[PDB]
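Asker: One structure, as structure tokens, below. Some questions next.
Please treat every number below as a calculation from the coordinates, not as lab data. Cβ coordinates were reconstructed from backbone atoms using ideal geometry, including for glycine residues, and neighbour counts include every protein chain displayed.
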Amino acid sequence: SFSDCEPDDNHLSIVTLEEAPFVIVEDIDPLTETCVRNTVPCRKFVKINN
Amino acid sequence: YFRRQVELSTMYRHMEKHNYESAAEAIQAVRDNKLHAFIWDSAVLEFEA
Ligand SMILES: *[C@@H]1O[C@H](CO)[C@@H](O)[C@H](O)[C@H]1NC(C)=O
Ligand SMILES: *[C@@H]1O[C@H](CO)[C@@H](O)[C@H](O)[C@H]1NC(C)=O
């Protein structure tokens, strides 16, 4: 809401599971620090240790 | 041409190990079968045939 009276409901939070026939998950391209444009970005919470 | 098409980047990931300076080096390598395939124009390789 960039102002007070701006109601919007279009952002959709999406989770998925890593399976090679459907969801290939790879590192970011180190030559560009940018995903190649036929791919999509994603994020994942990763802990440190025990 | 292989770098522009984003849907063929995987092969672009593989050719980085054998990008040769001159094609005559690739012809000499495939004559000794050091290589196995080489992407090049048609009439040049028909002349080599
Ligand atoms: C925590 O660190 C130890 C270091 O020896 C490692 O063996 C273990 O797998 C780590 N656990 C996690 C959850 O990262
Ligand atoms: C860290 O915690 C997980 C939780 O189940 C455990 O499976 C793993 O063995 C632990 N890492 C160790 C003890 O290095």
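Asker: Does the range B:35-43 contain any residue that is within 11 Å of the chain's Cα centre (by Cα) and under 26 Å from A:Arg37 (Cα atoms)?
Answerer: Yes - at least one qualifying residue is present in the range B:35-43.
Asker: Which residue pairs have Cβ atoms closer than 7 Å, lie 6 or more positions apart in sequence or on different chains, and pair a first residue in the range A:24-50 that is under 19 Å from B:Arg3 (Cα atoms) and within 14 Å of chain B (Cβ to nearest Cβ) with a second residue that is away from ligand 1 (no atom under 16 Å from the Cβ) and acidic (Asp, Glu)?
Answerer: A:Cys35/A:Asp29; A:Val36/A:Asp29; A:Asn38/B:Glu7
Asker: Further question on the same structure: Does the range A:30-50 hold any residues that are more than 16 Å from ligand 1 (Cβ to nearest atom) and over 13 Å from the mean Cα position of the chain (by Cα), and which are they?
Answerer: A:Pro30, A:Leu31, A:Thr32, A:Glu33, A:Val36, A:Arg37, A:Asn38
Asker: Here is a list of conditions, (1) touching a helix residue (DSSP H, G or I) at 6+ places or on another chain (Cβ under 7 Å); (2) surrounded by 10 or more Cβ atoms within 10 Å (Cβ to Cβ), and B:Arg3 meets all of them except one; can you say which number that is?
Answerer: Going through the list (1) touching a helix residue (DSSP H, G or I) at 6+ places or on another chain (Cβ under 7 Å); (2) surrounded by 10 or more Cβ atoms within 10 Å (Cβ to Cβ), B:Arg3 breaks only (2).
Asker: Select from the range B:24-40 the residues that are assigned to a helix (DSSP H, G or I), surrounded by 11 or more Cβ atoms within 10 Å (Cβ to Cβ) and not polar (S, T, N, Q) and list them in ascending order.
Answerer: B:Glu25, B:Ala26, B:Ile27, B:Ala29, B:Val30, listed by residue number.
Asker: For the range B:1-18, which residues satisfy the criterion of being away from every other protein chain (no Cβ under 14 Å), within 26 Å of A:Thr39 (Cα to Cα) and not charged (D, E, K, R)?
Answerer: Within the range B:1-18, B:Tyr1, B:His14, B:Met15 qualify.
Asker: Continuing with this model, one more query. Looking at A:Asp9, A:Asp27, which is the one that is more than 16 Å from the chain's Cα centre (by Cα) and of a type in the set (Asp, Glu)?
Answerer: Of the residues listed, the single one that is more than 16 Å from the chain's Cα centre (by Cα) and of a type in the set (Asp, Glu) is A:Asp9.
Asker: Could you say whether any residue in the range A:2-12 is surrounded by fewer than 10 Cβ atoms within 10 Å (Cβ to Cβ), within 16 Å of ligand 1 (Cβ to nearest atom), farther than 19 Å from B:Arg13 by Cα and not β-branched (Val, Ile, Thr)?
Answerer: No, there is no match, as no residue in the range A:2-12 is surrounded by fewer than 10 Cβ atoms within 10 Å (Cβ to Cβ), within 16 Å of ligand 1 (Cβ to nearest atom), farther than 19 Å from B:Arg13 by Cα and not β-branched (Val, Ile, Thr).
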